[PDB]
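Chemist: Residue numbers (this note's numbering), protein chains in the order written: chain P, 1 to 57; chain B, 1 to 527; chain W, 1 to 508; chain S, 1 to 76; chain E, 1 to 57.
Just so you know, even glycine gets a beta-carbon here, dropped at the ideal spot from N, CA and C.
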């Protein structure tokens with residue numbers, strides 16, 4: 001099954017009113033990097049409901 | 001959204017559940033109500049397809065469970081979906097079908113099957129055996145099945161649509177264990193299968209009338225967890241020492257202190273402070289009717305120093321509500337540091353006798369200097385009693401006076417629960433403890449006057465329990481008019497441990513039958 | 001006339017940025033319902049300029065919307081307000097309803113300035129309602145569920161003085177009602193399960209001090225005062241509780257326990273002249289006393305001097321024969337020197353200067369009182385509730401006061417004894433076990449009858465009340481006399497102190 | 001007054017639960033002036049059926065009452 | 001303002017179940033007459049919350 005979300009636009013919105021729209025080095029553009037809080041472990045001791053991780057865009 | 005481990009689950013468990021269709025025809029949705037409902041209220045399309053965890057969303061299977069055990073019993077309604085439930089509070093009525101999805105996925109090592117059956121409204125409640133469940137349109141599934149089983153909860157209706165009352169009977173989905181659960185492998189008995197139930201409304205489903213969202217009040221009064229032996233007595237200023245019932249005492253006492261209703265209504269001369277109990281304040285002087293100034297004339301004031309006016313109770317607050325001869329100690333009132341103090345002892349007669357002065361109700365009482373010093377404003381506290389009788393004094397010298405009513409009534413076999421303390425009674429060659437009872441400890445008096453709870457029926461069912469040991473000692477009825485009853489047949493004062501917490505209950509009609517417990521003798525056989 | 005404003009856009013802004021744009025039931029769209037803040041009153045007591053009501057745009061202005069608010073996390077749109085006045089032909093006056101844009105802040109506006117905003121004026125006599133559109137002036141794309149957001153507001157003020165004529169009954173007030181419904185531009189945003197989430201707080205019982213029970217001597221409370229010349233940080237063991245319900249010291253639940261004890265009593269013979277009762281203390285509910293984490297059995301006296309006690313056979317059942325003897329017991333340290341309530345053993349002497357087995361002792365008078373703690377453990381450290389305090393500079397303890405009979409010896413006279421809360425408040429906090437959220441509560445002491453505010457004060461969470469007072473100088477207060485919470489209140493909250501109740505002032 | 005129904009229609013039975021109209025005093029009545037407490041606001045309720053209204057089965061049921069017991073208002 | 005309700009259907013429901021569907025005189029259809037429970041009174045003796053009348057369809 002899919003994700004219950006409609007895709008959201010990117011820079012499309014900014015163009016019209018931001019002063020500049022600065023691009024990023026393409027090498028970063030799709031290179032998967034580990035996040036700071038990127039580690040967690042699931043032991044048999046955890047109960048359903050325990051939080052493994054939290055993230056903010 | 002859903003990602004079953006198919007990819008890595010090997011082929012140890014069945015993906016999809018192979019089962020014969022439901023022996024049941026499809027049911028119509030909103031189409032019915034369209035013509036007679038005042039409105040047909042559409043719901044957010046996003047809710048229409050999201051399978052969300054129902055409020056009754058969890059269940060567990062374990063090897064302790066025996067076939068027949070009900071894992072969950074769902075009754076058709078908005079209360080089966082969290083979003084719908086919230087919208088429910090805003091509408092009056094609904095019609096439509098629900099889509100239910102039960103989730104299982106135990107280890108490849110577990111074996112077992114459950115059965116879900118749809119029960120038509122109008123069948124009623126009956127304990128179904130696993131074999132009975134088969135008689136209803138049903139579905140059976142192996143606990144290992146990866147993909148969630150989907151079962152449509154059809155809205156079988158006799159009428160066009162539903163309203164939000166108790167007169168409604170909807171279709172049910174009962175899920176029971178079909179075969180015992182047994183884990184194989186290195187059986188970790190901590191292993192139980194954790195099930196999940198998710199639902200989403202079928203597009204047929206619709207809410208009906210817009211209504212004032214809300215109307216779910218529930219003001220439930222509670223009691224404080226204070227043991228009786230930690231409490232203050234409400235009719236004599238001492239700790240509570242005893243907790244008992246005693247069918248041979250007067251059954252309907254006319255106590256003026258320690259009276260309050262569950263709703264907070266204080267009665268009689270009942271004071272808020274237990275320091276006021278059985279005490280008075282006055283301006284004191286020595287008139288001369290006989291002319292031998294041994295008699296103090298006390299013009300009563302209220303004990304917080306304010307003026308006493310004859311009103312709608314028998315006397316100033318906390319003034320004694322019993323008879324006999326009271327020894328009082330009378331001291332200059334304390335207003336400020338350095339107020340010089342005189343302290344005299346007197347005997348005052350509380351009862352009717354006899355040609356015959358004394359009318360606390362009018363504001364005037366006489367005591368005599370146990371000649372058998374102090375004046376201006378004084379405070380009198382009780383020192384001992386002589387010839388106690390637990391009947392009310394003559395408050396208004398023969399005339400009718402305002403009185404809280406006798407305590408009662410009680411059902412047949414019900415008797416008053418007594419909180420008890422001891423007065424010093426004197427003699428005259430011998431002081432000995434004398435019992436005096438009241439209907440609630442002063443802390444409960446203050447508690448109810450302060451909470452002003454809303455009362456919803458005629459009495460509250462309480463349990464008296466030892467919270468330490470856990471032991472339930474008894475049950476009892478706290479009538480709204482502020483007295484507690486037990487059912488007891490003995491003759492026969494019966495005494496209870498004072499350590500000793502009360503818990504509400506219920507509401508409880510007034511003809512609620514309590515358990516007598518007590519004969520701890522089951523005297524008979526059988527076999 | 002129409003408002004001096006251009007139509008404000010609705011959902012069209014937050015389309016490419018919110019995750020969802022959620023529409024509402026069109027039946028709500030134009031049904032005018034009474035807003036939760038739907039009532040106000042105008043009376044001759046009001047003065048032109050008084051703000052009858054201040055509304056701020058948001059779904060919280062409509063009951064239906066409000067109910068939906070618990071389901072979504074954002075919103076955008078304009079509403080519509082309608083106001084009604086139930087006036088007479090005797091009520092002359094005008095009201096101003098002005099729209100204040102976000103960002104303006106808060107200022108005191110004269111009726112004249114109130115006119116400078118898009119507004120609507122109405123005579124209090126009108127039978128018909130007044131309608132004003134509440135536009136969603138935005139600086140941002142949309143709004144989130146946050147009442148810290150600055151949205152457009154509607155302020156209603158009395159434009160001219162209310163002047164009732166005729167047989168002027170000052171009990172006459174004009175009833176006002178506010179109603180709203182969302183303009184079709186209104187849209188909720190993200191669908192969040194957020195359906196339920198509240199909290200709680202602490203309250204105090206509305207009992208006046210002079211109706212209360214004292215917590216350190218068993219008598220009614222008679223006095224309410226502060227007194228900078230008394231010991232500022234007393235080490236009271238009774239009448240101690242925290243706002244959270246934590247009882248301290250020897251503090252009992254029942255005020256009948258206060259300054260009383262129970263024991264098994266006997267007459268040993270160290271001197272050998274059996275005038276000395278030896279009391280092996282038990283708790284007053286008849287249970288065994290064990291030396292523990294407080295100084296003595298519950299309610300045992302927490303002061304010194306020489307206490308006259310009356311000791312009676314314990315009452316267990318009707319017919320228990322009773323003996324009653326009077327003794328003098330010394331509470332203070334002195335001196336070579338026995339007495340350790342903490343260990344469970346104290347001695348009194350038959351004011352020879354009868355009873356045994358199990359007894360109960362209640363206080364009869366005090367001789368040489370000093371309000372310092374007795375020597376509970378004969379020289380050794382003992383568990384103690386801490387001194388009361390601290391207090392900010394200029395803050396002093398609020399005292400509940402009662403009087404002991406002190407004896408003499410040719411003269412009994414009242415002697416003052418103070419405590420930090422009445423026993424009813426002791427019981428109240430132990431029973432409620434409130435959750436505490438900061439360091440103290442701001443309370444007002446008020447006459448609810450007359451309405452008069454007497455003072456403000458700080459109830460520290462550790463269970464004692466402070467006032468700011470500079471005098472030197474016991475200052476006494478009326479005892480009739482209700483306390484109200486407040487706030488929370490940081491510990492450095494500055495209280496108000498006082499002035500010379502004379503107001504008059506001259507133009508000069 | 002809408003006919004909110006759970007069933008197809010209604011029978012002559014006043015034990016049936018139909019939609020109701022409750023009138024309440026929303027705010028306290030406050031008479032001013034020379035307050036004559038003998039003053040009451042008279043209220044009247046009037047109705048007529050919406051064109052959706054229809055009676056159902058034609059029954060000769062034309063007459064059917066009963067009686068009861070009363071006591072004379074004579075003081076003891 | 002209008003009631004927060006959707007129009008409710010009339011006879012259309014009981015057509016295939018009642019033995020007859022009987023119409024009424026259109027002159028009654030819109031003539032406002034005093035209901036048998038047509039009177040009530042409000043006085044200062046009443047307190048907000050008092051039910052002045054309770055009608056059932």
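Would you tell me roughly how many angstroms separate the C-alpha atoms of residue 460 of chain W and residue 439 of chain W, rounded to the nearest one?
Modeler: When rounded, the separation of the alpha-carbon atoms in residue 460 of chain W and residue 439 of chain W is 6 angstroms.
Chemist: With DSSP collapsed to three states, give me the class of residue 447 of chain B.
Modeler: helix
Chemist: Nearest to residue 491 of chain W by alpha carbon, out of W/483, W/395, W/504, W/444?
Modeler: Relative to the Cα of residue 491 of chain W, the nearest Cα in the group W/483, W/395, W/504, W/444 belongs to W/395.
Chemist: Where does residue 519 of chain B fall in DSSP's three states?
Modeler: coil
Chemist: Starting from residue 473 of chain B, trace the beta strand (DSSP E) both ways and give me its first and last residue.
Modeler: 472-479
Chemist: Whether or not the stretch 140-150 of chain B and the stretch 31-49 of chain B are in contact is what I'm after, with contact meaning three or more pairs of Cβ atoms, one per stretch, closer than 8 angstroms; do they touch?
Modeler: Touching, no, given that fewer than three Cβ pairs across the two stretches are closer than 8 angstroms.
Chemist: Residue 31 of chain W touches chain E at which residues, Cβ-Cβ below 9 angstroms?
Modeler: 1, 2, 3, 4
Chemist: Have a look at W/145, W/360, W/107, W/136 and flag the residue whose alpha-carbon is nearest the alpha-carbon of residue 238 of chain B.
Modeler: W/360
Chemist: Can you pull the chain S neighbours of residue 54 of chain E, defined as C-beta to C-beta under 9 angstroms?
Modeler: Ordered by position in chain S, the residues that pass the 9 angstroms Cβ test against residue 54 of chain E are 20, 21, 22, 23.
Chemist: Can you pull the chain E neighbours of residue 217 of chain W, defined as C-beta to C-beta under 8 angstroms?
Modeler: Those do not exist, as residue 217 of chain W stays about 45 angstroms from chain E at its closest Cβ, beyond 8 angstroms.
Chemist: Can you grab the Cα-Cα spacing for the pair residue 159 of chain B / residue 43 of chain B, in whole Å?
Modeler: The straight-line gap from Cα to Cα measures roughly 22 angstroms.
Chemist: Buried or exposed: where does residue 389 of chain B fall if 16 or more other Cβ atoms within 10 Å of its Cβ makes it buried?
Modeler: Counting every other CB atom within 10 Å of its CB across the protein chains shown gives residue 389 of chain B a total below 16, marking it as exposed.
Chemist: Please report how far the alpha carbon of residue 348 of chain B lies from the alpha carbon of residue 234 of chain B, in whole angstroms.
Modeler: Per the coordinates, the alpha-carbon of residue 348 of chain B lies some 21 angstroms from the alpha-carbon of residue 234 of chain B.
Chemist: If we ignore side chains and look at the alpha-carbon of each, how far apart do residue 125 of chain W and residue 498 of chain W end up?
Modeler: Computed Cα separation, rounded: 43 angstroms.
Chemist: DSSP three-state label for residue 445 of chain W, please.
Modeler: Three-state DSSP puts residue 445 of chain W in a strand.
Chemist: Let me check understanding here. Comparing Cα to Cα, which of E/26, E/3, E/5, E/4 lies closest to residue 53 of chain S?
Modeler: Of the candidates E/26, E/3, E/5, E/4, the one whose C-alpha sits nearest the C-alpha of residue 53 of chain S is E/26.
Chemist: Does the distance from the C-beta atom of residue 460 of chain B to that of residue 381 of chain B stay below 8 angstroms?
Modeler: no
Chemist: Which whole-angstrom value is the C-beta distance of residue 74 of chain W and residue 145 of chain W, which I expect to be below 8 angstroms?
Modeler: Correct: roughly 7 angstroms between the Cβ atoms.
Chemist: Tell whether a beta-carbon distance below 8 angstroms holds between residue 133 of chain B and residue 114 of chain B.
Modeler: no
Chemist: Determine the contact status of residue 250 of chain W and residue 294 of chain W, defining contact as a CB-CB distance below 8 angstroms.
Modeler: yes
Chemist: So with CB distances below 8 angstroms, who are the chain P contacts of residue 19 of chain W?
Modeler: 5, 6, 8
Chemist: Quick one: grab the DSSP three-state call for residue 171 of chain W.
Modeler: Coil.
Chemist: Check residue 27 of chain S in the structure and name its three-state DSSP category.
Modeler: coil
Chemist: What does a CB cutoff of less than 6 angstroms around residue 397 of chain B pick up in its chain, not counting 5 residues either side in sequence?
Modeler: 359
Chemist: Alpha carbon to alpha carbon, how far is residue 188 of chain W from residue 79 of chain B?
Modeler: Roughly 23 angstroms between the two C-alpha positions.
Chemist: Using the beta-carbon count (16 or more within 10 Å), is residue 423 of chain B buried or exposed?
Modeler: buried
Chemist: With a floor of 4 residues, list each alpha helix (DSSP H) that falls wholly inside the stretch 58-105 of chain B, ordered by position along the chain.
Modeler: 82-88
Chemist: Can you list the residues of chain E that residue 27 of chain W reaches, using a CB-CB cut of under 7 angstroms?
Modeler: Near residue 27 of chain W (Cβ distances below 7 angstroms), the residues of chain E are 4.
Chemist: When you measure from the CB of residue 277 of chain W to every non-hydrogen atom of the ligand NAP, does any distance come out below 7 angstroms?
Modeler: As for the ligand NAP, it is missing from this structure, which has no ligand bound.
Chemist: Between residue 48 of chain P and chain B, is there a C-beta pair that is closer than 8 angstroms?
Modeler: So, interface residue.
Chemist: Starting from the beta carbon of residue 161 of chain B, find every residue of chain S whose beta carbon is closer than 8 angstroms, and list them in chain order.
Modeler: 5, 6
Chemist: Spell out a yes or no on whether the stretch 179-191 of chain B and the stretch 45-64 of chain B are touching, meaning 3 or more CB-CB pairs, one atom from each, closer than 8 angstroms.
Modeler: Output reads yes: the stretch 45-64 of chain B touches the stretch 179-191 of chain B.
Chemist: Taking 8 angstroms as the CB-CB limit, is residue 405 of chain W close to chain B?
Modeler: yes
Chemist: Using CA coordinates, which residue listed in B/327, B/498, B/7 is at the minimum distance from residue 284 of chain W?
Modeler: B/498
Chemist: Does the stretch 262-276 of chain W come into contact with the stretch 220-227 of chain W, if we say contact requires no fewer than three beta-carbon pairs (one atom in each stretch) closer than 8 angstroms?
Modeler: no
Chemist: May I ask you to report which of helix, strand or coil DSSP gives residue 116 of chain B?
Modeler: In this structure, residue 116 of chain B counts as strand in the three-state DSSP scheme.
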